[PDB]
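**Student:** I am attaching a structure below and will ask some questions about it afterwards.
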Amino acid sequence: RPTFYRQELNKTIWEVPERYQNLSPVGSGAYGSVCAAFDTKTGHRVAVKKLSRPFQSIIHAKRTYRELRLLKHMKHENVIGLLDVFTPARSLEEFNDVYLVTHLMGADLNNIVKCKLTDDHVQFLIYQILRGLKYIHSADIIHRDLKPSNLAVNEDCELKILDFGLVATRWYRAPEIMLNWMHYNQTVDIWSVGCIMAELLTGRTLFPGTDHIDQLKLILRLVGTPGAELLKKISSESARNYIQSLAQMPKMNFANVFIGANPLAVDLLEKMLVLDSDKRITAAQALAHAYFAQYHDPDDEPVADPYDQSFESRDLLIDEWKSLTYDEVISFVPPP
Ligand SMILES: COc1ccc(N(C(=O)NCc2ccccc2Cl)c2ccnc(N[C@@H](C)C(C)(C)O)n2)cc1
């Protein structure tokens with residue numbers, strides 16, 4: 001065991017190993033907060049996240065466990081990974097705080113007012129999203145909320161997906177999680193990628209809706225109302241009532257919506273922005289598309305080990321999720 005020290009970082013206090021010096025807080029959120037930090041052991045800047053109230057309840061306790069299990073499993077260069085996880089507590093008894101550490105990234109994509117992006121750049125960014133999405137999808141994990149702010153980049157344009165886990169969110173959401181389903185597949189994420197890609201190429205949100213009705217309207221004005229083939233597949237009755245009650249809208253030409261874009265990007269966008277999930281291009285398919293000629297290499301677009309999500313259907317006591325989380329901390333094996 002190593003030695004720790006205690007400081008107060010602006011309300012939140014923090015106890016970390018002396019391995020990490022130079023804690024400068026980088027911002028905040030409802031699930032934890034982060035310090036930028038210098039890691040004496042490797043030279044690299046790293047990012048440290050203390051969970052808010054990891055075991056305050058059964059839902060917080062189960063979510064802490066999910067995040068940690070999810071982070072221990074991811075080993076891929078386009079997906080954020082676990083350098084370290086630690087708690088101050090020397091026993092399960094005293095165990096109440098969890099911290100996670102990964103490499104520090106310098107910016108998120110949601111800042112692209114200027115560097116709007118060039119085509120070279122769109123290609124490399126989306127390519128790497130698709131690459132990480134392939135790996136994630138391959139172990140049956142779905143992100144569910146991919147958006148500019150969930151995608152981190154360094155200055156060399158190395159990209160990582162942040163957590164596949166748990167109005168900004170609204171704008172990138174597949175229209176099939178909006179009108180209520182509870183079976184939607186991996187391709188919900190390909191929709192978001194399409195939406196992100198639109199925006200980088202254009203500088204504006206393709207679908208800036210004000211609510212789940214308006215968002216839907218924005219969407220159908222581009223892809224059009226569902227036809228009898230997609231109506232065929234809607235189990236939900238209120239969904240079918242709503243959509244059939246709308247003035248029919250035509251499928252637009254994408255070549256004319258994204259006018260002057262690499263027409264190759266346009267074709268991809270067309271295969272990603274399909275209303276019908278079963279027909280939307282996948283991550284693997286999407287990386288073999290001609291837009292990515294320059295970056296595509298099938299000897300280095302790997303899949304992930306089997307990942308066991310059976311915990312997810314489990315209903316446990318707060319202290320059972322807590323002990324399970326502790327086991328995951330205790331058994332953590334770092335990387336080289
Ligand atoms: C494995 O454990 C980690 C450790 C930290 C992070 N992490 C992060 O959560 N940032 C988003 C965020 C969420 C809630 C409150 C504050 C912030 Cl900045 C990171 C990770 C790497 N780099 C950043 N950079 C920050 C400055 C960002 C995403 C805003 O560019 N954040 C991810 C997982």
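Labels used: A, B, ... for chains in the order of the structure tokens, numbers from 1 for residues in each chain, and numbers from 1 for ligands as shown.
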Could you pull the residues within 10 Å of residue A:127, counting only C-alpha atoms, minus those fewer than 5 positions along the same chain, as a list in words?
**Tutor:** residues 78, 121, 122, 132, 133, 159, 283, 286, 287, 288, 291, 292, 294, 295 and 296 of chain A
**Student:** Just want the 8 Å neighbourhood of stretch 233-247 of chain A, counted on only C-alpha atoms, with same-chain residues fewer than 2 positions away dropped. Output as a ChimeraX atom specification.
**Tutor:** /A:179-181,225-226,229-231,249
**Student:** Taking only C-alpha atoms and all ligand atoms into account, which residues have an atom no farther than 10 Å from ligand 1? I'd like them as a PyMOL selection string.
**Tutor:** chain A and resi 25-36+45-52+67-68+70-72+80-85+99-111+148-154+160-163
**Student:** For the residues selected in the previous step, produce a file with C-alpha atoms as a PDB file, in the first residue's frame.
**Tutor:**
ATOM      1  CA  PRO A  25      -9.496  20.780 -10.725  1.00  0.00           C
ATOM      2  CA  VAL A  26     -10.817  20.633 -14.328  1.00  0.00           C
ATOM      3  CA  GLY A  27     -14.536  21.003 -13.664  1.00  0.00           C
ATOM      4  CA  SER A  28     -17.575  19.242 -12.355  1.00  0.00           C
ATOM      5  CA  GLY A  29     -20.700  17.170 -12.915  1.00  0.00           C
ATOM      6  CA  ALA A  30     -23.357  15.207 -10.991  1.00  0.00           C
ATOM      7  CA  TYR A  31     -21.575  11.789 -10.978  1.00  0.00           C
ATOM      8  CA  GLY A  32     -18.166  12.996  -9.872  1.00  0.00           C
ATOM      9  CA  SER A  33     -15.619  15.680 -10.364  1.00  0.00           C
ATOM     10  CA  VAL A  34     -12.099  15.628 -11.922  1.00  0.00           C
ATOM     11  CA  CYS A  35      -8.603  16.929 -11.260  1.00  0.00           C
ATOM     12  CA  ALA A  36      -5.881  17.188 -13.807  1.00  0.00           C
ATOM     13  CA  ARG A  45      -0.383  14.065 -17.131  1.00  0.00           C
ATOM     14  CA  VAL A  46      -3.428  12.077 -15.949  1.00  0.00           C
ATOM     15  CA  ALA A  47      -7.031  12.686 -15.042  1.00  0.00           C
ATOM     16  CA  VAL A  48      -8.435  11.671 -11.664  1.00  0.00           C
ATOM     17  CA  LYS A  49     -12.191  11.394 -11.023  1.00  0.00           C
ATOM     18  CA  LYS A  50     -13.654  11.100  -7.489  1.00  0.00           C
ATOM     19  CA  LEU A  51     -17.212   9.709  -7.528  1.00  0.00           C
ATOM     20  CA  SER A  52     -19.861  11.892  -5.897  1.00  0.00           C
ATOM     21  CA  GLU A  67     -18.662   2.054 -14.261  1.00  0.00           C
ATOM     22  CA  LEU A  68     -15.722   0.289 -12.713  1.00  0.00           C
ATOM     23  CA  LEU A  70     -16.880  -1.208 -17.622  1.00  0.00           C
ATOM     24  CA  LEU A  71     -13.558   0.580 -17.179  1.00  0.00           C
ATOM     25  CA  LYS A  72     -11.558  -2.475 -16.190  1.00  0.00           C
ATOM     26  CA  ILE A  80     -10.788   5.808 -22.403  1.00  0.00           C
ATOM     27  CA  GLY A  81      -9.059   3.310 -20.124  1.00  0.00           C
ATOM     28  CA  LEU A  82      -8.190   2.660 -16.502  1.00  0.00           C
ATOM     29  CA  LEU A  83      -4.632   3.600 -15.469  1.00  0.00           C
ATOM     30  CA  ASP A  84      -5.528   3.231 -11.778  1.00  0.00           C
ATOM     31  CA  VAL A  85      -8.383   2.857  -9.302  1.00  0.00           C
ATOM     32  CA  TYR A  99     -11.275   7.378  -7.584  1.00  0.00           C
ATOM     33  CA  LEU A 100     -10.472   6.493 -11.157  1.00  0.00           C
ATOM     34  CA  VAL A 101      -7.436   7.574 -13.207  1.00  0.00           C
ATOM     35  CA  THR A 102      -6.855   7.665 -16.961  1.00  0.00           C
ATOM     36  CA  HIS A 103      -4.603   9.662 -19.361  1.00  0.00           C
ATOM     37  CA  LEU A 104      -5.365  13.354 -19.539  1.00  0.00           C
ATOM     38  CA  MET A 105      -7.030  14.530 -22.781  1.00  0.00           C
ATOM     39  CA  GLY A 106      -6.888  18.241 -23.693  1.00  0.00           C
ATOM     40  CA  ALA A 107     -10.279  18.995 -25.233  1.00  0.00           C
ATOM     41  CA  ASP A 108     -13.710  17.648 -26.138  1.00  0.00           C
ATOM     42  CA  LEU A 109     -15.308  17.893 -29.597  1.00  0.00           C
ATOM     43  CA  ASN A 110     -18.055  20.210 -28.471  1.00  0.00           C
ATOM     44  CA  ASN A 111     -15.644  23.206 -28.872  1.00  0.00           C
ATOM     45  CA  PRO A 148     -19.435  15.962 -28.833  1.00  0.00           C
ATOM     46  CA  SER A 149     -18.666  16.414 -25.134  1.00  0.00           C
ATOM     47  CA  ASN A 150     -18.315  12.618 -24.625  1.00  0.00           C
ATOM     48  CA  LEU A 151     -15.489  12.540 -27.176  1.00  0.00           C
ATOM     49  CA  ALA A 152     -12.040  13.692 -26.098  1.00  0.00           C
ATOM     50  CA  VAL A 153      -9.137  14.739 -28.311  1.00  0.00           C
ATOM     51  CA  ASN A 154      -5.501  15.632 -27.979  1.00  0.00           C
ATOM     52  CA  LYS A 160     -11.049   8.689 -27.058  1.00  0.00           C
ATOM     53  CA  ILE A 161     -14.612   7.858 -26.226  1.00  0.00           C
ATOM     54  CA  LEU A 162     -15.460   8.741 -22.653  1.00  0.00           C
ATOM     55  CA  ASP A 163     -17.947   6.697 -20.720  1.00  0.00           C
TER      56      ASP A 163
END
**Student:** For residue A:87, please output as an MDAnalysis selection string all residues within 10 Å (counting only C-alpha atoms; exclusion window: fewer than 6 positions along the same chain).
**Tutor:** chainID A and resid 4 15:17 50 94:100 326 329:330
**Student:** Keeping only N, CA and C atoms, write the selected residues to a file as a short mmCIF file (atom, residue, chain, number, x, y, z; two decimals), in the first residue's frame.
**Tutor:**
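In the end it all went to again_6.cif:
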data_model
loop_
_atom_site.label_atom_id
_atom_site.label_comp_id
_atom_site.auth_asym_id
_atom_site.auth_seq_id
_atom_site.Cartn_x
_atom_site.Cartn_y
_atom_site.Cartn_z
N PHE A 4 -0.92 8.38 1.31
CA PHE A 4 -1.84 9.34 0.75
C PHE A 4 -1.71 10.69 1.43
N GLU A 15 -8.38 12.59 -1.10
CA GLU A 15 -7.24 11.83 -0.54
C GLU A 15 -6.69 10.87 -1.59
N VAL A 16 -5.51 11.18 -2.09
CA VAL A 16 -4.90 10.39 -3.15
C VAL A 16 -3.51 9.94 -2.78
N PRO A 17 -3.02 8.91 -3.46
CA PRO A 17 -1.63 8.50 -3.27
C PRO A 17 -0.66 9.63 -3.63
N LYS A 50 -13.00 11.57 -8.73
CA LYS A 50 -13.65 11.10 -7.49
C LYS A 50 -15.18 11.02 -7.66
N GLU A 94 -14.48 0.66 6.11
CA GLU A 94 -14.31 2.11 6.03
C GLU A 94 -14.48 2.65 4.58
N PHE A 95 -14.71 1.72 3.64
CA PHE A 95 -14.82 1.97 2.19
C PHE A 95 -16.04 2.80 1.80
N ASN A 96 -15.80 4.06 1.44
CA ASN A 96 -16.83 4.93 0.94
C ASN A 96 -16.49 5.82 -0.27
N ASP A 97 -15.22 5.90 -0.65
CA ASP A 97 -14.86 6.79 -1.74
C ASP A 97 -14.06 6.02 -2.78
N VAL A 98 -14.34 6.33 -4.05
CA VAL A 98 -13.69 5.70 -5.21
C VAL A 98 -13.14 6.75 -6.15
N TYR A 99 -11.92 6.49 -6.62
CA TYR A 99 -11.27 7.38 -7.58
C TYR A 99 -10.79 6.60 -8.73
N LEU A 100 -10.89 7.17 -9.92
CA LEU A 100 -10.47 6.49 -11.16
C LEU A 100 -9.47 7.38 -11.87
N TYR A 326 -15.67 -3.15 -4.17
CA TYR A 326 -14.40 -3.30 -3.44
C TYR A 326 -13.59 -4.45 -4.02
N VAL A 329 -11.91 -3.20 -7.06
CA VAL A 329 -10.78 -2.36 -6.73
C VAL A 329 -9.55 -3.23 -6.32
N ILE A 330 -9.74 -4.04 -5.28
CA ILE A 330 -8.72 -4.97 -4.79
C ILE A 330 -8.05 -5.81 -5.88
#
**Student:** Measure the distance from atom CA of residue A:324 to atom CA of residue A:136 in Å and round it to one decimal.
**Tutor:** 23.1 Å
**Student:** So that I can check the surroundings of stretch 299-307 of chain A, please list as a PDB file with N, CA, C and O atoms, in the first residue's frame every protein, DNA and RNA residue that reaches within 10 Å of it, counting only C-alpha atoms and ignoring chain neighbours fewer than 4 positions away.
**Tutor:**
ATOM      1  N   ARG A  69     -16.585  -1.860 -13.548  1.00  0.00           N
ATOM      2  CA  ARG A  69     -16.494  -3.078 -14.350  1.00  0.00           C
ATOM      3  C   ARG A  69     -16.288  -2.698 -15.808  1.00  0.00           C
ATOM      4  O   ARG A  69     -15.505  -3.291 -16.531  1.00  0.00           O
ATOM      5  N   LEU A  70     -17.001  -1.675 -16.226  1.00  0.00           N
ATOM      6  CA  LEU A  70     -16.880  -1.208 -17.622  1.00  0.00           C
ATOM      7  C   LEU A  70     -15.473  -0.697 -17.923  1.00  0.00           C
ATOM      8  O   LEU A  70     -14.927  -0.971 -19.001  1.00  0.00           O
ATOM      9  N   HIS A  73     -12.732  -3.416 -18.133  1.00  0.00           N
ATOM     10  CA  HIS A  73     -12.785  -4.214 -19.348  1.00  0.00           C
ATOM     11  C   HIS A  73     -12.216  -3.540 -20.648  1.00  0.00           C
ATOM     12  O   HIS A  73     -11.752  -4.251 -21.529  1.00  0.00           O
ATOM     13  N   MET A  74     -12.203  -2.211 -20.722  1.00  0.00           N
ATOM     14  CA  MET A  74     -11.844  -1.519 -21.949  1.00  0.00           C
ATOM     15  C   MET A  74     -10.348  -1.309 -22.126  1.00  0.00           C
ATOM     16  O   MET A  74      -9.743  -0.600 -21.348  1.00  0.00           O
ATOM     17  N   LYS A  75      -9.807  -1.859 -23.216  1.00  0.00           N
ATOM     18  CA  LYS A  75      -8.392  -1.823 -23.568  1.00  0.00           C
ATOM     19  C   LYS A  75      -8.257  -1.620 -25.069  1.00  0.00           C
ATOM     20  O   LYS A  75      -8.184  -2.538 -25.843  1.00  0.00           O
ATOM     21  N   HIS A  76      -8.262  -0.363 -25.463  1.00  0.00           N
ATOM     22  CA  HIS A  76      -8.371   0.036 -26.845  1.00  0.00           C
ATOM     23  C   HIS A  76      -8.037   1.517 -26.905  1.00  0.00           C
ATOM     24  O   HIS A  76      -8.354   2.299 -25.974  1.00  0.00           O
ATOM     25  N   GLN A 128     -11.865   7.236 -35.987  1.00  0.00           N
ATOM     26  CA  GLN A 128     -11.455   6.729 -34.693  1.00  0.00           C
ATOM     27  C   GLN A 128     -12.689   6.445 -33.754  1.00  0.00           C
ATOM     28  O   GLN A 128     -12.651   5.553 -32.932  1.00  0.00           O
ATOM     29  N   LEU A 130     -15.459   5.331 -34.913  1.00  0.00           N
ATOM     30  CA  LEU A 130     -16.028   4.127 -35.434  1.00  0.00           C
ATOM     31  C   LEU A 130     -15.208   2.950 -34.966  1.00  0.00           C
ATOM     32  O   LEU A 130     -15.744   1.949 -34.484  1.00  0.00           O
ATOM     33  N   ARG A 131     -13.902   3.108 -35.020  1.00  0.00           N
ATOM     34  CA  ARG A 131     -12.952   2.129 -34.482  1.00  0.00           C
ATOM     35  C   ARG A 131     -13.230   1.783 -33.024  1.00  0.00           C
ATOM     36  O   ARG A 131     -13.232   0.644 -32.663  1.00  0.00           O
ATOM     37  N   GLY A 132     -13.433   2.763 -32.164  1.00  0.00           N
ATOM     38  CA  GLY A 132     -13.700   2.467 -30.759  1.00  0.00           C
ATOM     39  C   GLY A 132     -15.105   1.903 -30.645  1.00  0.00           C
ATOM     40  O   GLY A 132     -15.366   1.083 -29.815  1.00  0.00           O
ATOM     41  N   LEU A 133     -16.023   2.329 -31.499  1.00  0.00           N
ATOM     42  CA  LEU A 133     -17.396   1.890 -31.352  1.00  0.00           C
ATOM     43  C   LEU A 133     -17.446   0.397 -31.717  1.00  0.00           C
ATOM     44  O   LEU A 133     -18.212  -0.359 -31.136  1.00  0.00           O
ATOM     45  N   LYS A 134     -16.610  -0.013 -32.683  1.00  0.00           N
ATOM     46  CA  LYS A 134     -16.560  -1.401 -33.107  1.00  0.00           C
ATOM     47  C   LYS A 134     -16.187  -2.329 -31.998  1.00  0.00           C
ATOM     48  O   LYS A 134     -16.742  -3.428 -31.870  1.00  0.00           O
ATOM     49  N   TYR A 135     -15.123  -1.939 -31.311  1.00  0.00           N
ATOM     50  CA  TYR A 135     -14.675  -2.671 -30.150  1.00  0.00           C
ATOM     51  C   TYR A 135     -15.747  -2.722 -29.045  1.00  0.00           C
ATOM     52  O   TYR A 135     -15.962  -3.716 -28.427  1.00  0.00           O
ATOM     53  N   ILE A 136     -16.422  -1.635 -28.799  1.00  0.00           N
ATOM     54  CA  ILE A 136     -17.416  -1.562 -27.726  1.00  0.00           C
ATOM     55  C   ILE A 136     -18.618  -2.428 -28.078  1.00  0.00           C
ATOM     56  O   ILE A 136     -19.070  -3.256 -27.306  1.00  0.00           O
ATOM     57  N   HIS A 137     -19.095  -2.254 -29.292  1.00  0.00           N
ATOM     58  CA  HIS A 137     -20.201  -3.052 -29.794  1.00  0.00           C
ATOM     59  C   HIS A 137     -19.863  -4.541 -29.818  1.00  0.00           C
ATOM     60  O   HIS A 137     -20.752  -5.394 -29.698  1.00  0.00           O
ATOM     61  N   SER A 138     -18.589  -4.852 -29.965  1.00  0.00           N
ATOM     62  CA  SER A 138     -18.223  -6.248 -30.132  1.00  0.00           C
ATOM     63  C   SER A 138     -18.386  -7.018 -28.831  1.00  0.00           C
ATOM     64  O   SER A 138     -18.580  -8.240 -28.882  1.00  0.00           O
ATOM     65  N   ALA A 139     -18.273  -6.356 -27.685  1.00  0.00           N
ATOM     66  CA  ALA A 139     -18.588  -7.009 -26.409  1.00  0.00           C
ATOM     67  C   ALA A 139     -20.015  -6.775 -25.905  1.00  0.00           C
ATOM     68  O   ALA A 139     -20.283  -6.904 -24.707  1.00  0.00           O
ATOM     69  N   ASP A 140     -20.909  -6.419 -26.804  1.00  0.00           N
ATOM     70  CA  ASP A 140     -22.326  -6.159 -26.530  1.00  0.00           C
ATOM     71  C   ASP A 140     -22.578  -4.989 -25.638  1.00  0.00           C
ATOM     72  O   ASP A 140     -23.623  -4.939 -24.996  1.00  0.00           O
ATOM     73  N   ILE A 141     -21.683  -4.030 -25.640  1.00  0.00           N
ATOM     74  CA  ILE A 141     -21.920  -2.787 -24.943  1.00  0.00           C
ATOM     75  C   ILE A 141     -22.373  -1.706 -25.887  1.00  0.00           C
ATOM     76  O   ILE A 141     -21.779  -1.485 -26.980  1.00  0.00           O
ATOM     77  N   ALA A 284     -18.314  -1.790 -37.847  1.00  0.00           N
ATOM     78  CA  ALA A 284     -17.416  -2.581 -38.717  1.00  0.00           C
ATOM     79  C   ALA A 284     -17.602  -2.248 -40.212  1.00  0.00           C
ATOM     80  O   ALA A 284     -16.653  -1.952 -40.914  1.00  0.00           O
ATOM     81  N   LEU A 287     -16.341   1.318 -41.164  1.00  0.00           N
ATOM     82  CA  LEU A 287     -14.894   1.544 -41.264  1.00  0.00           C
ATOM     83  C   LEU A 287     -14.313   1.093 -42.623  1.00  0.00           C
ATOM     84  O   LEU A 287     -13.253   1.602 -43.031  1.00  0.00           O
TER      85      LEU A 287
END
**Student:** If you count only C-alpha atoms, which residues fall within 12 Å of residue A:114, apart from same-chain ones fewer than 5 positions away, as a ChimeraX atom specification?
**Tutor:** /A:109,200-204
**Student:** Figure out the distance between atom CA of residue A:54 and atom CA of residue A:192, please, to one decimal in Å.
**Tutor:**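 Separation between atom CA of residue A:192 and atom CA of residue A:54: 28.6 Å.
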**Student:** Return as a PyMOL selection string the full set of residues in stretch 36-133 of chain A whose backbone-based DSSP assignment is alpha helix (DSSP H).
**Tutor:** chain A and resi 58-73+119-133
**Student:** Output as a PDB file with N, CA and C atoms, in the first residue's frame all residues of stretch 44-292 of chain A that backbone DSSP marks as strand (DSSP E or B).
**Tutor:**
ATOM      1  N   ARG A  45       0.762  13.426 -17.748  1.00  0.00           N
ATOM      2  CA  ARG A  45      -0.383  14.065 -17.131  1.00  0.00           C
ATOM      3  C   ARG A  45      -1.526  13.039 -17.158  1.00  0.00           C
ATOM      4  N   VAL A  46      -2.325  13.036 -16.099  1.00  0.00           N
ATOM      5  CA  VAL A  46      -3.428  12.077 -15.949  1.00  0.00           C
ATOM      6  C   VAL A  46      -4.615  12.762 -15.359  1.00  0.00           C
ATOM      7  N   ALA A  47      -5.764  12.120 -15.511  1.00  0.00           N
ATOM      8  CA  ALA A  47      -7.031  12.686 -15.042  1.00  0.00           C
ATOM      9  C   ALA A  47      -7.601  11.766 -13.987  1.00  0.00           C
ATOM     10  N   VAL A  48      -7.937  12.364 -12.846  1.00  0.00           N
ATOM     11  CA  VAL A  48      -8.435  11.671 -11.664  1.00  0.00           C
ATOM     12  C   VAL A  48      -9.861  12.120 -11.350  1.00  0.00           C
ATOM     13  N   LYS A  49     -10.770  11.147 -11.210  1.00  0.00           N
ATOM     14  CA  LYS A  49     -12.191  11.394 -11.023  1.00  0.00           C
ATOM     15  C   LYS A  49     -12.619  10.750  -9.710  1.00  0.00           C
ATOM     16  N   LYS A  50     -13.002  11.571  -8.728  1.00  0.00           N
ATOM     17  CA  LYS A  50     -13.654  11.100  -7.489  1.00  0.00           C
ATOM     18  C   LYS A  50     -15.180  11.016  -7.657  1.00  0.00           C
ATOM     19  N   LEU A  51     -15.746   9.845  -7.420  1.00  0.00           N
ATOM     20  CA  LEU A  51     -17.212   9.709  -7.528  1.00  0.00           C
ATOM     21  C   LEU A  51     -17.967  10.535  -6.458  1.00  0.00           C
ATOM     22  N   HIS A  76      -8.262  -0.363 -25.463  1.00  0.00           N
ATOM     23  CA  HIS A  76      -8.371   0.036 -26.845  1.00  0.00           C
ATOM     24  C   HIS A  76      -8.037   1.517 -26.905  1.00  0.00           C
ATOM     25  N   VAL A  79     -10.824   4.363 -26.766  1.00  0.00           N
ATOM     26  CA  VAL A  79     -11.784   4.249 -25.699  1.00  0.00           C
ATOM     27  C   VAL A  79     -11.050   4.507 -24.422  1.00  0.00           C
ATOM     28  N   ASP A  84      -5.501   3.574 -13.197  1.00  0.00           N
ATOM     29  CA  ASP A  84      -5.528   3.231 -11.778  1.00  0.00           C
ATOM     30  C   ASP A  84      -6.930   3.452 -11.159  1.00  0.00           C
ATOM     31  N   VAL A  85      -7.244   2.613 -10.188  1.00  0.00           N
ATOM     32  CA  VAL A  85      -8.383   2.857  -9.302  1.00  0.00           C
ATOM     33  C   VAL A  85      -7.957   2.637  -7.865  1.00  0.00           C
ATOM     34  N   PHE A  86      -8.326   3.568  -7.008  1.00  0.00           N
ATOM     35  CA  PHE A  86      -7.911   3.479  -5.655  1.00  0.00           C
ATOM     36  C   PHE A  86      -8.977   4.062  -4.716  1.00  0.00           C
ATOM     37  N   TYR A  99     -11.919   6.492  -6.616  1.00  0.00           N
ATOM     38  CA  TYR A  99     -11.275   7.378  -7.584  1.00  0.00           C
ATOM     39  C   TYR A  99     -10.793   6.601  -8.733  1.00  0.00           C
ATOM     40  N   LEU A 100     -10.886   7.166  -9.921  1.00  0.00           N
ATOM     41  CA  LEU A 100     -10.472   6.493 -11.157  1.00  0.00           C
ATOM     42  C   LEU A 100      -9.470   7.383 -11.867  1.00  0.00           C
ATOM     43  N   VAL A 101      -8.521   6.790 -12.579  1.00  0.00           N
ATOM     44  CA  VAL A 101      -7.436   7.574 -13.207  1.00  0.00           C
ATOM     45  C   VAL A 101      -7.286   7.066 -14.613  1.00  0.00           C
ATOM     46  N   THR A 102      -7.143   7.974 -15.564  1.00  0.00           N
ATOM     47  CA  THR A 102      -6.855   7.665 -16.961  1.00  0.00           C
ATOM     48  C   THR A 102      -5.993   8.773 -17.549  1.00  0.00           C
ATOM     49  N   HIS A 103      -5.496   8.633 -18.789  1.00  0.00           N
ATOM     50  CA  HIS A 103      -4.603   9.662 -19.361  1.00  0.00           C
ATOM     51  C   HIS A 103      -5.362  10.971 -19.510  1.00  0.00           C
ATOM     52  N   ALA A 107      -9.049  18.343 -24.786  1.00  0.00           N
ATOM     53  CA  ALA A 107     -10.279  18.995 -25.233  1.00  0.00           C
ATOM     54  C   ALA A 107     -11.381  17.985 -25.619  1.00  0.00           C
ATOM     55  N   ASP A 108     -12.615  18.460 -25.649  1.00  0.00           N
ATOM     56  CA  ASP A 108     -13.710  17.648 -26.138  1.00  0.00           C
ATOM     57  C   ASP A 108     -14.175  18.235 -27.486  1.00  0.00           C
ATOM     58  N   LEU A 151     -16.567  12.909 -26.291  1.00  0.00           N
ATOM     59  CA  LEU A 151     -15.489  12.540 -27.176  1.00  0.00           C
ATOM     60  C   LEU A 151     -14.315  13.495 -26.988  1.00  0.00           C
ATOM     61  N   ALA A 152     -13.205  12.924 -26.517  1.00  0.00           N
ATOM     62  CA  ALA A 152     -12.040  13.692 -26.098  1.00  0.00           C
ATOM     63  C   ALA A 152     -10.908  13.558 -27.095  1.00  0.00           C
ATOM     64  N   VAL A 153     -10.248  14.681 -27.377  1.00  0.00           N
ATOM     65  CA  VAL A 153      -9.137  14.739 -28.311  1.00  0.00           C
ATOM     66  C   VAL A 153      -7.933  15.480 -27.773  1.00  0.00           C
ATOM     67  N   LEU A 159      -8.149  10.485 -30.540  1.00  0.00           N
ATOM     68  CA  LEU A 159      -9.471  10.582 -29.977  1.00  0.00           C
ATOM     69  C   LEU A 159      -9.812   9.421 -29.058  1.00  0.00           C
ATOM     70  N   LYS A 160     -10.454   9.724 -27.912  1.00  0.00           N
ATOM     71  CA  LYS A 160     -11.049   8.689 -27.058  1.00  0.00           C
ATOM     72  C   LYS A 160     -12.488   8.907 -26.704  1.00  0.00           C
ATOM     73  N   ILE A 161     -13.284   7.843 -26.783  1.00  0.00           N
ATOM     74  CA  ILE A 161     -14.612   7.858 -26.226  1.00  0.00           C
ATOM     75  C   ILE A 161     -14.506   7.794 -24.703  1.00  0.00           C
TER      76      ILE A 161
END
**Student:** Report, in Å with one decimal, the straight-line distance from atom CA of residue A:113 to atom CA of residue A:214.
**Tutor:**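 It comes out at 24.7 Å.
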**Student:** When you look at stretch 252-257 of chain A with a cut-off of 9 Å (counting only C-alpha atoms), what residues show up, excluding the ones that are within fewer than 5 positions of it in the same chain? I need them as a PDB file with N, CA, C and O atoms, in the first residue's frame.
**Tutor:**
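Generated file (around_11.pdb):
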ATOM      1  N   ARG A 221     -38.109  15.636 -41.260  1.00  0.00           N
ATOM      2  CA  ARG A 221     -37.937  16.559 -42.374  1.00  0.00           C
ATOM      3  C   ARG A 221     -36.684  16.225 -43.229  1.00  0.00           C
ATOM      4  O   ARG A 221     -36.646  16.497 -44.447  1.00  0.00           O
ATOM      5  N   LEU A 222     -35.704  15.538 -42.657  1.00  0.00           N
ATOM      6  CA  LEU A 222     -34.564  15.112 -43.465  1.00  0.00           C
ATOM      7  C   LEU A 222     -34.656  13.684 -43.993  1.00  0.00           C
ATOM      8  O   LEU A 222     -34.363  13.426 -45.164  1.00  0.00           O
ATOM      9  N   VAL A 223     -35.040  12.749 -43.137  1.00  0.00           N
ATOM     10  CA  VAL A 223     -35.065  11.346 -43.533  1.00  0.00           C
ATOM     11  C   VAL A 223     -36.436  10.942 -43.999  1.00  0.00           C
ATOM     12  O   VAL A 223     -36.627   9.899 -44.631  1.00  0.00           O
ATOM     13  N   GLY A 224     -37.401  11.791 -43.729  1.00  0.00           N
ATOM     14  CA  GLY A 224     -38.767  11.489 -44.093  1.00  0.00           C
ATOM     15  C   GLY A 224     -39.509  10.585 -43.118  1.00  0.00           C
ATOM     16  O   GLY A 224     -38.931   9.832 -42.303  1.00  0.00           O
ATOM     17  N   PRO A 263     -18.480  14.073 -51.371  1.00  0.00           N
ATOM     18  CA  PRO A 263     -19.679  13.302 -51.650  1.00  0.00           C
ATOM     19  C   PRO A 263     -19.587  11.931 -50.998  1.00  0.00           C
ATOM     20  O   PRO A 263     -20.607  11.276 -50.870  1.00  0.00           O
ATOM     21  N   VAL A 266     -21.041  12.164 -47.789  1.00  0.00           N
ATOM     22  CA  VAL A 266     -22.479  12.280 -47.947  1.00  0.00           C
ATOM     23  C   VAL A 266     -23.121  10.873 -47.974  1.00  0.00           C
ATOM     24  O   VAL A 266     -24.078  10.618 -47.253  1.00  0.00           O
ATOM     25  N   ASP A 267     -22.540   9.978 -48.758  1.00  0.00           N
ATOM     26  CA  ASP A 267     -23.010   8.601 -48.882  1.00  0.00           C
ATOM     27  C   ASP A 267     -23.006   7.847 -47.532  1.00  0.00           C
ATOM     28  O   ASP A 267     -23.974   7.215 -47.170  1.00  0.00           O
ATOM     29  N   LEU A 269     -23.124   9.294 -44.509  1.00  0.00           N
ATOM     30  CA  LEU A 269     -24.172   9.964 -43.745  1.00  0.00           C
ATOM     31  C   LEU A 269     -25.528   9.417 -44.111  1.00  0.00           C
ATOM     32  O   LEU A 269     -26.333   9.188 -43.244  1.00  0.00           O
ATOM     33  N   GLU A 270     -25.752   9.170 -45.386  1.00  0.00           N
ATOM     34  CA  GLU A 270     -26.966   8.513 -45.826  1.00  0.00           C
ATOM     35  C   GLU A 270     -27.158   7.099 -45.305  1.00  0.00           C
ATOM     36  O   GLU A 270     -28.290   6.677 -45.181  1.00  0.00           O
TER      37      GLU A 270
END
**Student:** Might you pull out every residue within 8 Å of residue A:21, with only C-alpha atoms counted and same-chain residues fewer than 4 positions away left off, and present them as a VMD selection string?
**Tutor:** chain A and resid 37 to 40
